[PDB]
>>> print(open('query.cif').read())   # mmCIF, C-alpha atoms
data_coords
loop_
_atom_site.label_atom_id
_atom_site.label_comp_id
_atom_site.auth_asym_id
_atom_site.auth_seq_id
_atom_site.Cartn_x
_atom_site.Cartn_y
_atom_site.Cartn_z
CA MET A 1 0.00 0.00 0.00
CA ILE A 2 1.08 3.60 -0.63
CA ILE A 3 2.11 4.85 2.82
CA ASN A 4 3.10 8.29 1.49
CA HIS A 5 -0.56 9.39 1.36
CA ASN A 6 -3.69 8.22 3.17
CA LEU A 7 -6.39 8.92 0.59
CA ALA A 8 -9.17 7.32 2.63
CA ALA A 9 -8.20 9.51 5.59
CA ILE A 10 -8.27 12.61 3.37
CA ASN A 11 -11.72 11.76 2.02
CA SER A 12 -13.06 11.05 5.50
CA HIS A 13 -11.66 14.34 6.79
CA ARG A 14 -13.21 16.25 3.88
CA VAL A 15 -16.68 14.77 4.35
CA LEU A 16 -16.39 15.21 8.12
CA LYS A 17 -15.56 18.91 7.82
CA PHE A 18 -18.32 19.55 5.29
CA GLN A 19 -20.78 17.81 7.61
CA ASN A 20 -19.46 19.85 10.55
CA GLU A 21 -20.18 23.04 8.62
CA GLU A 22 -23.81 21.97 8.18
CA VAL A 23 -24.15 20.92 11.82
CA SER A 24 -22.80 24.31 12.91
CA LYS A 25 -25.32 26.02 10.63
CA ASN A 26 -28.13 23.96 12.14
CA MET A 27 -26.90 24.70 15.67
CA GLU A 28 -26.87 28.45 15.03
CA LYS A 29 -30.32 28.24 13.41
CA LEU A 30 -31.60 26.46 16.52
CA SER A 31 -29.94 29.00 18.83
CA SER A 32 -31.32 32.07 17.06
CA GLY A 33 -34.82 30.62 16.80
CA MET A 34 -35.30 32.16 13.34
CA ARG A 35 -35.31 30.28 10.05
CA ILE A 36 -33.38 33.05 8.26
CA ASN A 37 -30.72 34.35 10.64
CA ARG A 38 -27.87 35.34 8.32
CA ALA A 39 -28.17 36.50 4.71
CA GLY A 40 -27.90 34.33 1.63
CA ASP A 41 -30.28 31.60 2.79
CA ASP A 42 -32.88 33.36 0.65
CA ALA A 43 -32.52 37.00 -0.37
CA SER A 44 -36.12 37.36 -1.54
CA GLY A 45 -37.44 35.83 1.67
CA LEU A 46 -35.20 38.02 3.81
CA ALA A 47 -36.29 41.19 2.01
CA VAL A 48 -39.97 40.22 2.17
CA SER A 49 -39.65 39.46 5.88
CA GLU A 50 -37.95 42.80 6.50
CA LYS A 51 -40.66 44.80 4.74
CA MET A 52 -43.44 42.86 6.47
CA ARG A 53 -41.68 43.65 9.75
CA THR A 54 -41.77 47.31 8.76
CA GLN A 55 -45.47 46.92 7.92
CA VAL A 56 -46.34 45.36 11.28
CA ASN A 57 -44.41 48.04 13.18
CA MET B 1 13.75 -23.43 -6.90
CA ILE B 2 13.69 -20.29 -9.04
CA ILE B 3 14.78 -17.22 -7.07
CA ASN B 4 14.80 -14.52 -9.77
CA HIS B 5 11.03 -14.18 -9.29
CA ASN B 6 8.60 -14.89 -6.44
CA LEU B 7 5.34 -15.94 -8.07
CA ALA B 8 3.62 -16.59 -4.74
CA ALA B 9 4.61 -13.10 -3.61
CA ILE B 10 3.24 -11.63 -6.85
CA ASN B 11 -0.10 -13.43 -6.47
CA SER B 12 -0.44 -12.46 -2.81
CA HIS B 13 0.44 -8.85 -3.62
CA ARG B 14 -2.17 -8.74 -6.39
CA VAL B 15 -4.96 -10.12 -4.20
CA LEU B 16 -3.90 -7.86 -1.32
CA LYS B 17 -3.92 -4.75 -3.50
CA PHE B 18 -7.35 -5.49 -4.92
CA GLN B 19 -8.69 -6.25 -1.44
CA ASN B 20 -7.31 -2.89 -0.30
CA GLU B 21 -9.07 -1.20 -3.21
CA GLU B 22 -12.32 -2.93 -2.23
CA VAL B 23 -12.04 -1.92 1.43
CA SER B 24 -11.18 1.67 0.47
CA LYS B 25 -14.28 1.80 -1.72
CA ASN B 26 -16.35 0.37 1.13
CA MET B 27 -14.93 2.91 3.60
CA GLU B 28 -16.56 5.98 2.08
CA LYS B 29 -19.93 4.21 2.25
CA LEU B 30 -19.70 4.32 6.05
CA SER B 31 -17.93 7.69 6.03
CA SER B 32 -20.75 9.50 4.23
CA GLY B 33 -23.67 7.16 4.90
CA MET B 34 -24.65 7.18 1.22
CA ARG B 35 -24.89 4.04 -0.89
CA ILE B 36 -23.65 5.84 -4.03
CA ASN B 37 -21.10 8.66 -3.79
CA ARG B 38 -18.94 8.32 -6.92
CA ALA B 39 -20.90 7.83 -10.13
CA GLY B 40 -20.27 4.32 -11.41
CA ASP B 41 -21.54 2.32 -8.45
CA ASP B 42 -24.84 2.69 -10.30
CA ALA B 43 -26.28 4.91 -13.02
CA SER B 44 -30.07 4.59 -13.18
CA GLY B 45 -30.32 4.69 -9.39
CA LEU B 46 -28.18 7.81 -9.18
CA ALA B 47 -30.21 9.51 -11.92
CA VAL B 48 -33.56 8.70 -10.32
CA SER B 49 -32.21 9.73 -6.91
CA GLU B 50 -31.19 13.13 -8.27
CA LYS B 51 -34.53 13.55 -10.06
CA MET B 52 -36.49 12.70 -6.92
CA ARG B 53 -34.26 15.00 -4.86
CA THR B 54 -35.23 17.84 -7.18
CA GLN B 55 -38.84 16.69 -6.80
CA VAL B 56 -38.67 16.71 -2.99
CA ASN B 57 -37.10 20.18 -2.93
CA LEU C 226 -20.06 45.30 18.57
CA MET C 227 -21.25 41.81 19.54
CA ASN C 228 -21.85 40.92 15.90
CA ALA C 229 -18.52 42.37 14.75
CA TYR C 230 -16.64 40.65 17.58
CA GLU C 231 -18.05 37.21 16.82
CA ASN C 232 -17.41 37.56 13.08
CA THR C 233 -13.91 38.93 13.72
CA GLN C 234 -13.09 36.02 16.02
CA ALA C 235 -14.36 33.55 13.43
CA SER C 236 -12.20 35.19 10.76
CA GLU C 237 -9.14 35.12 13.03
CA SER C 238 -9.70 31.45 13.89
CA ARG C 239 -10.03 30.56 10.21
CA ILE C 240 -6.39 31.66 9.74
CA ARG C 241 -4.38 30.93 12.89
CA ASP C 242 -6.18 27.96 14.47
CA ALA C 243 -5.21 24.48 13.30
CA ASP C 244 -7.67 21.74 12.34
CA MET C 245 -6.65 18.75 14.46
CA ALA C 246 -8.39 16.19 12.24
CA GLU C 247 -6.75 17.75 9.18
CA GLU C 248 -3.16 16.96 10.15
CA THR C 249 -3.40 14.21 12.75
CA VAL C 250 -3.54 11.98 9.67
CA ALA C 251 -0.33 13.67 8.51
CA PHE C 252 1.18 12.97 11.93
CA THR C 253 0.34 9.26 11.70
CA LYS C 254 1.61 9.19 8.11
CA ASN C 255 4.92 10.69 9.21
CA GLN C 256 5.18 8.21 12.08
CA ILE C 257 4.76 5.32 9.64
CA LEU C 258 7.31 6.94 7.33
CA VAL C 259 9.89 7.38 10.10
CA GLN C 260 9.40 3.79 11.25
CA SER C 261 9.90 2.50 7.71
CA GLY C 262 12.96 4.71 7.31
CA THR C 263 14.47 3.41 10.54
CA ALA C 264 13.81 -0.17 9.45
CA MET C 265 15.37 0.40 6.03
CA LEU C 266 18.39 2.12 7.57
CA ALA C 267 18.96 -0.74 10.03
CA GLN C 268 18.72 -3.08 7.05
CA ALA C 269 21.29 -0.91 5.25
CA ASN C 270 23.89 -1.17 8.04
CA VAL C 271 24.18 -4.95 7.65
CA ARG C 272 24.39 -4.72 3.85
CA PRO C 273 28.22 -4.84 3.51
CA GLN C 274 28.41 -7.91 5.77
CA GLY C 275 28.37 -10.21 2.73
CA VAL C 276 31.90 -9.15 1.81
CA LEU C 277 33.34 -11.04 4.78
CA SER C 278 32.41 -14.35 3.15
CA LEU C 279 35.30 -13.77 0.73
CA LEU C 280 37.92 -13.39 3.49
#
>>> encode(input="query.cif", output="structure tokens")
Amino acid sequence: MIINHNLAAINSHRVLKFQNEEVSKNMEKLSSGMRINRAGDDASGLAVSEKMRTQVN
Amino acid sequence: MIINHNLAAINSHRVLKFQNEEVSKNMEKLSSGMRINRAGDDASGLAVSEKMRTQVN
Amino acid sequence: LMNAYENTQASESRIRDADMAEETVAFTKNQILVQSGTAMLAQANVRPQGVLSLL
């Protein structure tokens, strides 16, 4: 076996980190209590929510 | 006995290398929890999975 | 200030902090490499011993 590189380890690390990113996103979504906390989740939805907030105020 | 080549060693190395390839392929299945990550494990199943993912979204 | 501080800390951590899972594999790889190198060296010391059969 090629001991100069652990390709399976690299793949596992990659998928683990890209799952950790999603779990962090879900954790922050849970903590904030709002579906759209940061921007970019949906720009149209964020803008609509902002102007409806203005309307209710 | 011929010493310029080790046929038993060659055969064992071949089977060992292909077993390592098999186990490496099986590893990502557990790493990601998905039956089909790299296209080639199946084709029709991957296509219908993508189509139904678009449908569910 | 709270928002800026948390984002600033995240940005700083993205640069200076190390990902343990990222290079613990490299650490194990280098341990295997150093063990193989030590084995091959120790094999190399006894290489010239075959000359003594001619004396």
>>> interface_residues(input="query.cif", of="chain A", to="chain B", cutoff="9 Å", atoms="all atoms listed in the file", output="PDB file with C-alpha atoms, in the frame of the given file")
ATOM      1  CA  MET A   1       0.000   0.000   0.000  1.00  0.00           C
ATOM      2  CA  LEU A   7      -6.390   8.920   0.590  1.00  0.00           C
ATOM      3  CA  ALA A   8      -9.170   7.320   2.630  1.00  0.00           C
ATOM      4  CA  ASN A  11     -11.720  11.760   2.020  1.00  0.00           C
ATOM      5  CA  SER A  12     -13.060  11.050   5.500  1.00  0.00           C
ATOM      6  CA  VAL A  15     -16.680  14.770   4.350  1.00  0.00           C
ATOM      7  CA  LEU A  16     -16.390  15.210   8.120  1.00  0.00           C
ATOM      8  CA  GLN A  19     -20.780  17.810   7.610  1.00  0.00           C
TER       9      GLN A  19
END
>>> resolve_selection(input="query.cif", expression="the PyMOL selection byres ((chain C) within 12 of (chain A))", output="PyMOL selection string")
chain C and resi 228+232+244-262
>>> atom_distance(input="query.cif", atom1="atom CA of residue A:33", atom2="atom CA of residue A:57")
20.2 Å
>>> atom_distance(input="query.cif", atom1="atom CA of residue B:43", atom2="atom CA of residue B:18")
23.1 Å
>>> build_atoms(input="query.cif", residues="stretch 10-35 of chain B", atoms="N, CA and C atoms", output="compact mmCIF listing (two decimals), keeping the file's coordinate frame")
# COMPACT_ATOMS: atom_id res chain seq x y z
N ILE B 10 3.97 -12.43 -5.87
CA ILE B 10 3.24 -11.63 -6.85
C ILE B 10 1.74 -11.85 -6.70
N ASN B 11 1.32 -13.12 -6.59
CA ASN B 11 -0.10 -13.43 -6.47
C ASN B 11 -0.68 -12.84 -5.19
N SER B 12 0.04 -13.00 -4.07
CA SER B 12 -0.44 -12.46 -2.81
C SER B 12 -0.51 -10.94 -2.86
N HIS B 13 0.47 -10.30 -3.49
CA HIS B 13 0.44 -8.85 -3.62
C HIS B 13 -0.75 -8.39 -4.46
N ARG B 14 -1.04 -9.11 -5.54
CA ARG B 14 -2.17 -8.74 -6.39
C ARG B 14 -3.48 -8.83 -5.61
N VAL B 15 -3.70 -9.96 -4.93
CA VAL B 15 -4.96 -10.12 -4.20
C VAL B 15 -5.04 -9.12 -3.06
N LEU B 16 -3.91 -8.83 -2.41
CA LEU B 16 -3.90 -7.86 -1.32
C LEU B 16 -4.23 -6.46 -1.82
N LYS B 17 -3.66 -6.07 -2.96
CA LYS B 17 -3.92 -4.75 -3.50
C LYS B 17 -5.38 -4.59 -3.90
N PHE B 18 -5.95 -5.62 -4.54
CA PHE B 18 -7.35 -5.49 -4.92
C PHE B 18 -8.27 -5.53 -3.71
N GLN B 19 -7.92 -6.29 -2.67
CA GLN B 19 -8.69 -6.25 -1.44
C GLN B 19 -8.62 -4.87 -0.79
N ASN B 20 -7.44 -4.25 -0.83
CA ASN B 20 -7.31 -2.89 -0.30
C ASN B 20 -8.17 -1.91 -1.08
N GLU B 21 -8.20 -2.05 -2.41
CA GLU B 21 -9.07 -1.20 -3.21
C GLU B 21 -10.53 -1.39 -2.81
N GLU B 22 -10.94 -2.65 -2.61
CA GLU B 22 -12.32 -2.93 -2.23
C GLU B 22 -12.65 -2.30 -0.88
N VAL B 23 -11.76 -2.45 0.10
CA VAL B 23 -12.04 -1.92 1.43
C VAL B 23 -12.04 -0.39 1.41
N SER B 24 -11.17 0.22 0.59
CA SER B 24 -11.18 1.67 0.47
C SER B 24 -12.49 2.16 -0.14
N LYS B 25 -12.99 1.45 -1.15
CA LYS B 25 -14.28 1.80 -1.72
C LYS B 25 -15.39 1.65 -0.69
N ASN B 26 -15.33 0.59 0.12
CA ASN B 26 -16.35 0.37 1.13
C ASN B 26 -16.28 1.39 2.26
N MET B 27 -15.10 1.99 2.47
CA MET B 27 -14.93 2.91 3.60
C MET B 27 -15.79 4.15 3.45
N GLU B 28 -15.80 4.76 2.26
CA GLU B 28 -16.56 5.98 2.08
C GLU B 28 -18.06 5.76 2.24
N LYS B 29 -18.53 4.52 2.02
CA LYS B 29 -19.93 4.21 2.25
C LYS B 29 -20.31 4.48 3.70
N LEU B 30 -19.47 4.04 4.63
CA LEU B 30 -19.70 4.32 6.05
C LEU B 30 -19.35 5.76 6.39
N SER B 31 -18.36 6.33 5.71
CA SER B 31 -17.93 7.69 6.03
C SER B 31 -19.03 8.70 5.75
N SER B 32 -19.72 8.55 4.61
CA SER B 32 -20.75 9.50 4.23
C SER B 32 -22.16 8.99 4.48
N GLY B 33 -22.34 7.69 4.69
CA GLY B 33 -23.67 7.16 4.90
C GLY B 33 -24.53 7.12 3.66
N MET B 34 -23.93 7.19 2.48
CA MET B 34 -24.65 7.18 1.22
C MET B 34 -24.22 5.97 0.40
N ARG B 35 -25.20 5.27 -0.17
CA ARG B 35 -24.89 4.04 -0.89
C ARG B 35 -24.13 4.31 -2.18
